[PDB]
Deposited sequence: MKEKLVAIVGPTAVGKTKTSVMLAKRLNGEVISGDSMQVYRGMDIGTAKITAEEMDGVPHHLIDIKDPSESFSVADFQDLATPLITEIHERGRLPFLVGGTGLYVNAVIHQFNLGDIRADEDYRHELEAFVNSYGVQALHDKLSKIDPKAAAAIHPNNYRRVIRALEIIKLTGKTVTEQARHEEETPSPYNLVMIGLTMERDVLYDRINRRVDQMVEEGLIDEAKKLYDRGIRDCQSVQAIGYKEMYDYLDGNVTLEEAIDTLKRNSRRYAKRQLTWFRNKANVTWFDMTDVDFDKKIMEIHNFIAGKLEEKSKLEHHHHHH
């Protein structure tokens, strides 16, 4: 539990893509910070990373809990910390990818769950993009979920009796349940889903923009075959210098 790299930023910015590429370049394993990734079966509404895009990079904290259970910042910390140390035993570089400002702050700062420098040699990188392009990608993102069957996924979970639990209250399924309940029309739900997504991305981008020690790289219409070398080098470099 010495070295560690963290990749933060709003949704649809390329965290996963940039993530797996850096892993292949720095012999690392990915530890997901997006709690929503834990609920198995729920793959469309959560934008669960697939084995394809995951490439050959091993990932943790994905599909480890049922949609009916919860995943507190504590449950995350109890699994995240042991994994960081275990990853190092194999010789790989642990990569914390995504999650809310809360989850990341609890692991990188070893919160006492029941400000000061991190006990790790962390390399926090942030991925930004031009406000418009970000919103546009988020809206399009939602369209794909609807065309992929998001609606039917929700309905099925709805009929199963899954409710009153974070998994369903998630800022991705609550909109659909509001539709199924009969409070709004389908299109209104979908739109509100895009609206709640754009607002969230924003909230997270400002949150991390606040916390210092975060190096920013803005992708936005960039060649990953270029940016990657930029980030790669920066990370490799910063890790070695700090170890005086």
{"query": "Deposited positions lacking CA coordinates", "finding": "1, 116-184, 315-322"}
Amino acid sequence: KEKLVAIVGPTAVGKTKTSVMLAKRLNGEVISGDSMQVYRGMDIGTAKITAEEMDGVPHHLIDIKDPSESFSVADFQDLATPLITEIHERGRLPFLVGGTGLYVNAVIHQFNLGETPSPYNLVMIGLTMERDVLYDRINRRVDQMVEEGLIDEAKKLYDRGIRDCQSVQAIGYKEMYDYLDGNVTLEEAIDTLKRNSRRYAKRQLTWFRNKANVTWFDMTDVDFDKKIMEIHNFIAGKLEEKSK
From here on, numbers count along this sequence of modelled residues.
{"item": "Stretch exceeding the other in mean C-alpha B-factor - 208-216, 26-34", "value": "208-216"}
{"item": "C-alpha B-factor winner, where the candidates are 112, 100, 128, 144", "value": "144"}
{"item": "Entry-reported Cα temperature factor of residue 49, expressed as the chain third it lands in", "value": "middle"}
{"item": "Position of residue 189 among the chain's modelled residues by C-alpha B-factor, lowest, middle or highest third", "value": "highest"}
{"item": "Chain third (lowest, middle, highest) by recorded CA B-factor, residue given as residue 230", "value": "lowest"}
{"item": "Third assignment of residue 57 from its chain's C-alpha B-factors", "value": "lowest"}
{"item": "Ranked against its chain, the third holding the CA B-factor of residue 196", "value": "middle"}
